[PDB]
Amino acid sequence: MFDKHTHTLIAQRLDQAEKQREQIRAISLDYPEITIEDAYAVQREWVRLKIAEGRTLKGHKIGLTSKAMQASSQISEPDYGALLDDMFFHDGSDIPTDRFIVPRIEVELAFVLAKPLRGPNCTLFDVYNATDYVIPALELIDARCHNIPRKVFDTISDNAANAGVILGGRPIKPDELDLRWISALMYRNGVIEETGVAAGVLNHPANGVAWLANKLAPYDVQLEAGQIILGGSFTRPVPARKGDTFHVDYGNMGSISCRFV
Amino acid sequence: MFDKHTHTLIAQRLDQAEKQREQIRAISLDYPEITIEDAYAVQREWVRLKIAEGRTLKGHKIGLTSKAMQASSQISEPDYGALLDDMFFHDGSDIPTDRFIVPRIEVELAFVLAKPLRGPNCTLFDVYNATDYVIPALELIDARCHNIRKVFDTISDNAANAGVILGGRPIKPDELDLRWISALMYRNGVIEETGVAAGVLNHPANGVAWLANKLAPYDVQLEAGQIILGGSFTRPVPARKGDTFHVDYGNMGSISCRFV
Amino acid sequence: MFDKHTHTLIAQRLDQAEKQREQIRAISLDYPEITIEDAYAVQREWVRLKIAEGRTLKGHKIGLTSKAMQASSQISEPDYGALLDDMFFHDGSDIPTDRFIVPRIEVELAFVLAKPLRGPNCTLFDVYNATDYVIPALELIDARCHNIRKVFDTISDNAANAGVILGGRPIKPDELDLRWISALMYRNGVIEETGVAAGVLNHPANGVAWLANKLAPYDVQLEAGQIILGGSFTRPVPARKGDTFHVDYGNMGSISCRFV
Amino acid sequence: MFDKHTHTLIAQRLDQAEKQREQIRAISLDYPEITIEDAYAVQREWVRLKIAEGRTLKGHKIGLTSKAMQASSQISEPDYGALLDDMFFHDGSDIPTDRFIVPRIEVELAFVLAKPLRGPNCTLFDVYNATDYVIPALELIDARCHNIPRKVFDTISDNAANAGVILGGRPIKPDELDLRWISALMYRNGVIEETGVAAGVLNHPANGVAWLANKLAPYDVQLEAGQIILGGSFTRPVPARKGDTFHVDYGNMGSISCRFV
Ligand code: NA
Ligand code: NA
Ligand code: NA
Ligand code: NA
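Residues numbered from 1 in each chain as written, not as in the entry; some residues may be left out. Chains lettered and ligands numbered in written order. Part of a larger assembly, values for the part shown. Heavy atoms only, no water. Residues with missing side-chain atoms left out of burial classes, pairs and counts.

For this entry, the PDB record names X-ray crystallography as the structure determination method and reports a resolution of 1.60 Å.

Chain A appears in the PDB entry as 2-oxo-hept-3-ene-1,7-dioate hydratase from Escherichia coli. Looking at the header, the entry is titled "Crystal structure of apo-HpcG".

The name given to chain B in the PDB entry is 2-oxo-hept-3-ene-1,7-dioate hydratase, with Escherichia coli as the source organism.

This brings us to the overall build of chain A. Of regular secondary structure, chain A possesses 7 helices and 13 strands. Over its C-alpha trace chain A gives a radius of gyration of 17 Å, about what one expects of a compact globule, namely 18 Å for 261 residues. In the form shown here, chain A has an accessible surface area of approximately 10,500 Å², with 50% of it arising from carbon and sulfur atoms. A gap of 2 Å separates the mean positions of the 28 positive and 34 negative side-chain charges of chain A. (Helix = DSSP H or I, 4+ residues; strand = E, 2+ residues; numbered from the N terminus. Rg over C-alpha atoms; globule rule 2.2 N^0.38 Å. Areas by Shrake-Rupley, 256 points an atom, 1.4 Å probe, with all protein chains shown as cover. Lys, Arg positive; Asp, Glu negative; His and termini not counted. Charge placed at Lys NZ, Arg CZ, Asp CG, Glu CD.)

Turning next to the coordination of the sodium ion (ligand 1). At this site the sodium ion (ligand 1) is bound by A:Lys67 (O), A:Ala68 (O), A:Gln70 (O), A:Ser73 (O) and A:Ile75 (O), with donor distances of 2.6 to 3.2 Å. Here the donor residues for the sodium ion (ligand 1) map to a single chain with the spacing K-A-x1-Q-x2-S-x1-I. (Donors = N, O, S within 2.8 Å, 3.2 Å for Na, K, Ca; no water.)

Take the interface of chain C and chain A next. With 13 residues of chain C in contact, the opposing surface of chain A contributes 9 residues. For the chain C face of the interface with chain A, the top three residues by lost area are C:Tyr133, C:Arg169 and C:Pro170, together amounting to 41%. For the pair chain C and chain A, the number of links is 0 salt bridges. In this assembly, chain C and chain A are joined by 2 residue pairs in polar contact. (Contact = heavy atoms within 4.5 Å. Buried area = accessible area lost by both parts, 1.4 Å probe. Salt bridge = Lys/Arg side-chain N within 4 Å of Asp/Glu carboxyl O. Polar contact = N/O pair within 3.5 Å; in protein donor to acceptor, adjacent residues only side chain to side chain.)

On to unusual backbone geometry, then. Cis rather than trans, the peptide bond between C:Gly119 and C:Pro120 has omega equal to -5°. Its place among the elements puts C:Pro120 in the loop between β5 (104–113) and α5 (124–130). The peptide bond linking D:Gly119 to D:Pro120 adopts the cis configuration, its omega dihedral lying at -5°. Counting through the fold element by element, D:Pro120 comes out in the loop between β5 (104–113) and α5 (124–130). Here C:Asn188, not a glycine, exhibits a phi torsion of approximately 55°, which is positive. Looking at the element boundaries, C:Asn188 is found in the loop between β8 (182–187) and β9 (190–196). Judged by relative accessible area, C:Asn188 falls into the buried class, the value being 8%. (Buried < 20%, exposed > 50% of the residue type's maximum accessible area, 1.4 Å probe, protein only.)

Consecutive residues of a regular strand have side chains that alternate between opposite faces of the sheet. Residues and elements named next belong to chain D. Most of β5 sits out of view: 8 of its 10 residues are buried. Pairing between β5 and strand β6 (residues 131–141): 10 bridges, direction antiparallel. Following the sheet pairing, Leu-109 is matched in β6 by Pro-136. Bridge count for β5 against strand β11 (residues 238–239) is 2 bridges, and the pairing is antiparallel. In the strand pairing of β11, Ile-105 is matched with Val-238. With 3 bridges connecting them, β5 and strand β10 (residues 228–230) associate as antiparallel partners. Bridge pairing in β10 places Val-112 opposite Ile-228. (Pairing = 2+ DSSP bridges.)

A few words now on the UniProt feature "binding site: Mg(2+)" (unreviewed entry) in chain A. Residue and element names in this part refer to chain A. With numbering matched to this structure, UniProt assigns "binding site: Mg(2+)" (unreviewed entry) to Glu-106, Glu-108 and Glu-139. For this annotated set, covering 34 residues, all C-alpha atoms fall within 7.0 Å of each other, a compact arrangement in space. With respect to the helices and strands, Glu-108 occurs in strand β5 (residues 104–113). Judged by relative accessible area, which is 1%, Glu-108 ranks as buried. Not counting chain neighbours up to four residues away, the residues in contact with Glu-108 comprise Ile-62, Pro-136, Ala-137, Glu-139, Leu-230, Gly-231, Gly-232, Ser-233, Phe-234 and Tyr-250. Within the fold, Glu-139 resides in strand β6 (residues 131–141). Ignoring sequence-local partners within four residues, the contact set of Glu-139 consists of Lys-61, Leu-83, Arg-104, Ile-105, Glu-106, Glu-108, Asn-162, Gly-164 and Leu-230. Side chain to side chain, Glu-139 and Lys-61 meet in a polar contact 2.8 Å long. (UniProt positions renumbered as here; feature names shortened; annotations may be inferred.)

On to the UniProt feature "binding site: Mg(2+)" (unreviewed entry) in chain B. Residue and element names in this part refer to chain B. Per the UniProt record, "binding site: Mg(2+)" (unreviewed entry) is annotated on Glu-106, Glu-108 and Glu-139. Turning to its location among the elements, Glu-106 is positioned in strand β5 (residues 104–113). Residue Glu-106 is classed as buried on the basis of its relative accessible area, which comes to 13%. Ignoring anything within four residues of it in the chain, the contact list for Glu-106 reads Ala-137, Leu-138, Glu-139, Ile-141, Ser-232, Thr-234 and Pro-236. Judged by its relative accessible area of 1%, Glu-139 is buried. If sequence neighbours within four positions are ignored, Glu-139 has contacts with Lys-61, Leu-83, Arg-104, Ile-105, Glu-106, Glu-108, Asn-161, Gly-163 and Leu-229. A distance of 2.7 Å separates polar atoms of two side chains, one belonging to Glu-139 and the other to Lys-61.

Counting residues at the interface gives 26 residues for chain A, matched by 26 residues for chain B. Here chain A and chain B share an interface that buries about 1,900 Å² over both sides, 54% of which is from carbon and sulfur atoms. If you sort the residues of chain A by the area they bury against chain B, A:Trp181, A:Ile192 and A:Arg236 come out on top, with a joint share of 26%. Along the contact surface separating chain A from chain B lie 2 salt bridges. Across the pair A:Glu194 and B:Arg235 runs a salt bridge whose closest N-O atoms are separated by 2.8 Å. Along the contact surface separating chain A from chain B lie 8 residue pairs in polar contact. Looking at the side of chain A that touches chain B, the elements with two or more residues in it are β8 (183–188) and β9 (191–197) of chain A. Looking at the side of chain A that touches chain B, the element that brings in the most residues is β9(A), giving 7 residues. Here the residues of the side of chain A that touches chain B are counted per class, giving 11 nonpolar, 8 polar and 7 charged. (Nonpolar A, V, L, I, M, F, W, Y, C, P; charged D, E, K, R; others polar.)

Let us now look at helix α3 (residues 36–52) of chain C. Residues and elements named next belong to chain C. Over its 17 residues, α3 extends 24 Å from the first C-alpha to the last, a length consistent with the 24 Å expected when each residue adds 1.5 Å. Burial in α3 covers these residues: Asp-38, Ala-39, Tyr-40, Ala-41, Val-42, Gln-43, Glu-45, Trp-46, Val-47, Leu-49 and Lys-50. Positioned one or two residues after α3, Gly-54 has a phi angle of 125°, which is positive. (Expected span 1.5 Å × (residues − 1).)

Residues and elements named next belong to chain C. Here we have 5 strands laid out as an open sheet, ordered β4-β13-β12-β8-β9, and mixed in their pairing. Each edge of the sheet is formed by a strand with only one pairing partner; in this case those strands are β4 (93–95) and β9. Going across the sheet, the axis of each strand differs from the next one's by a mean of 20°, ignoring polarity. Pairing geometry for β8 and strand β12 (residues 244–248), over 4 bridges, is antiparallel. Across the sheet, the residue bridging to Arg-187 is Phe-245, located in β12. (Axes fitted to C-alpha atoms, helices over the stretch in contact; angles between N-to-C directions.)

Residue and element names in this part refer to chain B. Along the chain, the position of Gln-43 falls in helix α3 (residues 36–52). A distance of 3.5 Å separates the side chain of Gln-43 from the side chain of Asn-158, its partner in a polar contact. If sequence neighbours within four positions are ignored, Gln-43 has contacts with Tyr-80, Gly-81, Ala-82, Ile-155, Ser-156, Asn-158 and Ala-159.

Time to look at the coordination of the sodium ion (ligand 2). Residues and elements named next belong to chain B. Those protein atoms acting as donors to the sodium ion (ligand 2) are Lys-67 (O), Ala-68 (O), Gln-70 (O), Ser-73 (O) and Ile-75 (O), and they sit at 2.6 to 3.0 Å. Donor residues binding the sodium ion (ligand 2) come from one chain and are separated in sequence as K-A-x1-Q-x2-S-x1-I. Residue classification places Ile-75 among the partly exposed residues on the basis of a relative accessible area of 22%.

The next point concerns the packing of helix α1 (residues 4–20) of chain D against helix α3 (residues 36–52) of chain D. Residue and element names in this part refer to chain D. Between α1 and α3, the least distance of the axes is 8 Å, while the angle of their chain directions is 60°. Between α1 and α3, the angle falls in the class oblique. Between α1 and α3 lies a crossing of right-handed hand. Here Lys-4, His-7, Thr-8, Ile-10, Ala-11, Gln-12, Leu-14, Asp-15 and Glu-18 of α1 lie close against α3, whose contacting residues are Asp-38, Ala-41, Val-42, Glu-45, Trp-46, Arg-48, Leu-49 and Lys-50. A class-by-class count of the residues in the contact of α1 with α3 yields 7 nonpolar, 3 polar and 7 charged. (Parallel < 35°, antiparallel > 145°, perpendicular 65-115°, else oblique. Left-handed = near helix turned anticlockwise from the far one by under 90°.)

Turning next to the environment of B:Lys172. Residue and element names in this part refer to chain B. Among the structural elements, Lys-172 can be located in the loop between β7 (161–166) and β8 (182–187). Sequence-wise, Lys-172 and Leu-215 are 43 residues apart; in three dimensions their C-alpha atoms are separated by 25 Å. Residues within four places of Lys-172 in sequence aside, it is in contact with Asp-132 and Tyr-133.

Structure representation (structure tokens):
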């Protein structure tokens, strides 16, 4: 573990990278001995910094769910990041492309909590009990560190690649239908680029939420009522470029659209 | 276009590559001016040779459907290959890994034809009229050429064909919306890929009509009784000795196999 | 009834059998006058020891449900065992085969309690009232005693408990008729067993009420938050290194794992 | 392969065993070199003998489907036998226990053909096209050879253990519902003894029918229109004893009952 001073410095550089839309060198290259604990400490510092600037915590996301599952990727479990108020964009809105560096769109489900979730021993059943609504959600992810390589410690430090969130479609009670079989078609500029099924997220798209509550418990942190929790992408991320229209069709769960300007 | 004898020569090399389970150099490297027409001519020659050896044509597949669709891929349209009787394995079979080189599993839908389909101007509606049943189908794809322009290699190599595994629930085309058939591909207990049938050319029947139209100028049609695989809704997943696969198509049933 | 010290001694032997993955002689052979009361006393001692070592009680299981029902089996009623935290594996996990002796997979339904259940006179309706969710659950059972009267060995051996794997679709008890939940157990791509939930004591919730009633005289109840496995709808299937399991509960989802 | 004379002799002994309700020695013990081809030839001879006596061919069954599938059984594929008119008992009827030796009840689905099925290259799709109705069916199986051992060649010779058939419940068109998920509870004397799901029969309960048509093709034999084809048991066989009542509940597919007297 590094000194807190080091964590703060790395966070400051990530912050400047985001604000200037200019990537820094991969943190893992400058800090070869960085640990997963250091990476989450950098994240916590950056989130603290951004909230001090006037932002508000609105929830969390669980990421790297596919890579955590797939056998031929070295990664052993998912990651997590914090969602801030300024990350949220309305369904059907213009997204300012110049605000981002290498943005990509992911297809997810969001859990809107009615009740807090606190670890350890948080279970899928606790998630069901605490969830007010499930709603489709797109994530816009980005990278403040250069890719050419980059590692998981860099992504985690970099607030798990968080940049944007777009909620939309049909809100449902958790018991309304089997969440495992929610499916989606991601269109970009009139063409299907990816498809996926929600079970591709950790066997059940709610599993990440309980896992997250358990990860946050040691820090005396819980998932608060009113928070929005993004469970993971059931598609590979798709690059977003200026002029692109996205339309993600979740069938009977509705759709989410946006345009990059 | 190369002369017929060159097409026969390349086909013979691919044939021995398959039989010996030993990859040859990419055809496009050895023949730098190979065309798409040459590639299909090589494929035709190889299929002819394999049928002469005692195999029987059972259908066709449409491949490279995702790449054809994807904006950032150079591939402009799908490819096709011939399905032969010895490519078919039963649901829940042990699959001999040693017979293959670098096998990968794809998740598809098969169209079992009751009537012939002939181009040009074959349409989605023609496909529906001619289809007896739709059934889940896995493809096992392979490569007889070394991996490390390259579309010509794949096409010559009978569009990567190697195996087919049918299984699950047979349905009439009109039973449900084929576009929203969804699948989870498990390997060794873990979901490796997921996908939805609309990912195959917007409608999984579209490739069938497209194929009939591609074959028409050669005085070839899709025959009654043929099985047509329309494209994969997932990226292919490597198959290795010891692997079990289970592909869950929800209410459309499942297909499983084990590599031994 | 044996003295407490004898119960402790037998429990210690079972504990070392589990830790060393080395079977001991059947307890009923070494103690020919062992009773059912002794067997549960041994189980209680072993659970106490394992909890003292740092494990936590997470629930219970009801076993031997089919034998209890079958007319041609001597077993008159089900058995029960304690489920501990280190027995639980996630859906889609690699399971370490070396940790077990002769592991077998069973197909069950779990009841996740929102409220306590206490006997005597606990009923099906009490179970429904106290259950938060029902979810598919696999059990991995094992034997710390050599196989080649014998019910006493199983009961002492914590009712063959070893592993638990939850997965699939969580439902409220009232969502559908639990009696007709059905499953296909695949191992290595092939269906080895099938069964229907009503095969568990006529209704898969019945064992939960039965268990509460068995535990009451010991001043023990089923606690809120506990996971109760009610019995297997299939015969157990051996698990060996390299095996993949996939248990398809239809619209109730699936549970999978691989033994490594 | 034995001489036809040998096949006829074995068939005659099986016939006497059935008529006298007295088991013979396992054929494989008396004929150590017997092949699967010999076993089906013995079967064909016995069926010919029984039809010459005045019986009529009503269909076929596919058996040993579970053992053919399970990894820890040596058997590689299913078996088949011929169903004769006198094997059929009405739903809800008394079954004369004295007519049988060691009878056991199996739980199956029957396919009633509207059109003939001829191999080779008969497919599941041909079965669907030729099937008029699917209906629940119980099989009563028996053994004319002693068990203490007996092998597959003995069972096949012994007309694949055929003895009885009981049709009942709800007839459906093949396309009415997914046949794979038809499920059943077998009660004997008020107690559930076995349960099972139809997919346990070769992954699809119709698969055996196409397989059978393909097996019969070399003999210039086809499955005829009007024939009843039993696809295989999705339960282990359960002994039937004098005084036993059976009730097999196929849920929304109805039930079949009988009593042994
Ligand atoms: Na991984
Ligand atoms: Na393209
Ligand atoms: Na009993
Ligand atoms: Na077998």
